[PDB]
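In what follows, a single structure is set out as structure tokens and then discussed.
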Amino acid sequence: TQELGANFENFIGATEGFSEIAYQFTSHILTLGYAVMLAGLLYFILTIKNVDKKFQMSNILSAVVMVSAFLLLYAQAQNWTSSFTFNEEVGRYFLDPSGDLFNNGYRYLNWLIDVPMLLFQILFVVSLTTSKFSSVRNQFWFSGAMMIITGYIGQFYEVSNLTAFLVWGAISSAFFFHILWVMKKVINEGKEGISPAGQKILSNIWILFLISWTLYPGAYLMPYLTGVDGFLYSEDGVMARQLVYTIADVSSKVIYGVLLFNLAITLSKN
Ligand SMILES: CCCCCCCC/C=C\CCCCCCCC(=O)OC[C@H](O)CO
Ligand SMILES: CCCCCCCC/C=C\CCCCCCCC(=O)OC[C@H](O)CO
Ligand SMILES: *C/C=C(C)/C=C/C=C(C)/C=C/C1=C(C)CCCC1(C)C
Ligand code: NA
């Protein structure tokens, strides 16, 4: 029984270890992750004047999301390099007992913080019609919290109890589904009473939102998407998962933010 090796990254690291490629690739993608958030932070701060007052809370929330994402993704990247160490004899990177072990906590904390802000921020750009701001907000914040919390519980069982992993994941997915349903309503109401240029941007926001948020349960499942014998149940799963999380992060935070900013501009003077 493999004592050292919590989560799938540790498990792989403690058994098969990571190739140079896999270790370096993962380091670099996580580094790109936080680098982009820092760039984003400066972007959202510096452009805030370019939208009308009434929209500025959206740019503000983007900036705050960028701060949290930069800090926690920076910590996650450091946690990656600290957790695995090169063995010359075998020529691979293994879980380092004198390190702290890989910890998904950083990313899940980032999600808990950012999910409510990302869902919230669209409400400061669009106008609802027949829905109440407070109802939509409360729905977003509750479902968002529950989605991440149940996900985080699931994640614990990733190695040790796949049944629990998947059941908690399914419960989490239910909250996710509900978020998608609410957000679709928000975008539809948001499209009413605005210019076609604005409607087009909102169509794109919907598509970006749907794809980028769905990447997360994708990445959660990733090591198992070819069965317990398959090619992804390996350092290849770890690489894929971290790549997909990073793409999702950039898309759901930065690209999302840029589209909302462009929507606010389109509404702002035009
Ligand atoms: C992203 C979340 C989407 C996930 C949605 C999936 C559907 C979940 C519902 C029922 C799962 C049924 C349980 C099947 C698990 C079988 C466990 C197994 O075969 O492996 C032995 C394990 O190690 C010892 O529990
Ligand atoms: C490869 C290294 C990783 C870097 C990854 C890039 C980070 C995101 C940056 C830009 C997103 C592009 C979004 C561009 C959207 C344009 C806005 C728009 O919709 O058009 C304006 C509107 O029509 C009238 O205001
Ligand atoms: C900036 C970070 C964001 C937008 C994170 C979003 C995270 C999710 C949408 C996570 C969803 C999950 C499921 C739907 C099932 C498996 C567990 C999660 C938490 C990964
Ligand atoms: Na290392």
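Hydrogens, waters and symmetry mates are skipped; everything else that's a heavy atom, side chains included, is used. All residue numbers refer to positions in the sequence shown, counting from 1.
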Practice task
Enumerate the residue pairs fulfilling salt bridge (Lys or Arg N to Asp or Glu O under 4.0 Å) with a member in residues 26-38, sequence neighbours excluded, ordered by first and then second residue.
Solution key: none
Fill in the blank from the handout: salt bridge (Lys or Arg N to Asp or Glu O under 4.0 Å) pairs touching residues 248-265, sequence neighbours excluded, are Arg107-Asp249, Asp114-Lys253, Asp249-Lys253
Handout entry: Over 12 non-hydrogen atoms of neighbours within 6.0 angstrom of NZ in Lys269
Key =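 Yes, NZ of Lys269 has more than 12 neighbouring heavy atoms, counting only those of other groups under 6.0 Å.
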Exercise for the section: Could you walk me through whether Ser83 and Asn79 pass the side chain to side chain donor-acceptor pair (under 3.5 Å) test, one step at a time? Expected result: CA-CA 6 Å; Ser83 283; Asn79 176 237; 3.3 Å; yes
Test item: [X] side-chain N/O and [Y] main-chain N/O as donor-acceptor pair under 3.5 Å:
X	Y	result
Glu189	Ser131	yes
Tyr256	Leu118	yes
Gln139	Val136	no

Handout entry: ring-ring contact (aromatic ring centres under 6.0 Å, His included) involving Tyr106 - partner list, sequence neighbours excluded
Key =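 With sequence neighbours excluded, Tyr106 shows a ring-ring contact (aromatic ring centres under 6.0 Å, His included) to no residue whatsoever.
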Exercise for the section: Tell me, with the steps shown, if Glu235 and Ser19 meet side chain to side chain donor-acceptor pair (under 3.5 Å). Expected result: CA-CA 8 Å; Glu235 71 171 24; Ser19 58; 2.8 Å; yes
Handout entry: Verdict with reasoning, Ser234 to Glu16, per side chain to side chain donor-acceptor pair (under 3.5 Å)
Key = CA-CA 8 Å; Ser234 77; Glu16 147 190 325; 4.9 Å; no
Exercise for the section: Report the residues that fulfil side-chain contact (heavy atoms from CB on, under 4.5 Å) with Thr81, sequence neighbours left out, ordered by chain and then residue number. Expected result: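 Partners of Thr81 by the side-chain contact (heavy atoms from CB on, under 4.5 Å) criterion, ordered by chain and then number, come out as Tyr23, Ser27, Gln78.
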Handout entry: Single-linkage hydrophobic cluster, 4.5 Å side-chain cutoff, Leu46 and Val254 together
Key =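 No, no single cluster joins them.
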Exercise for the section: Output all residues satisfying salt bridge (charged side-chain N to carboxylate O under 4.0 Å, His left out) with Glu20, sequence neighbours left out; order by chain, then residue number. Expected result: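 So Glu20 forms no salt bridge (charged side-chain N to carboxylate O under 4.0 Å, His left out) with any residue.
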Practice task
Under the salt bridge (charged side-chain N to carboxylate O under 4.0 Å, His left out) rule, collect the residues that match up with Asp236, sequence neighbours excluded.
Solution key: none
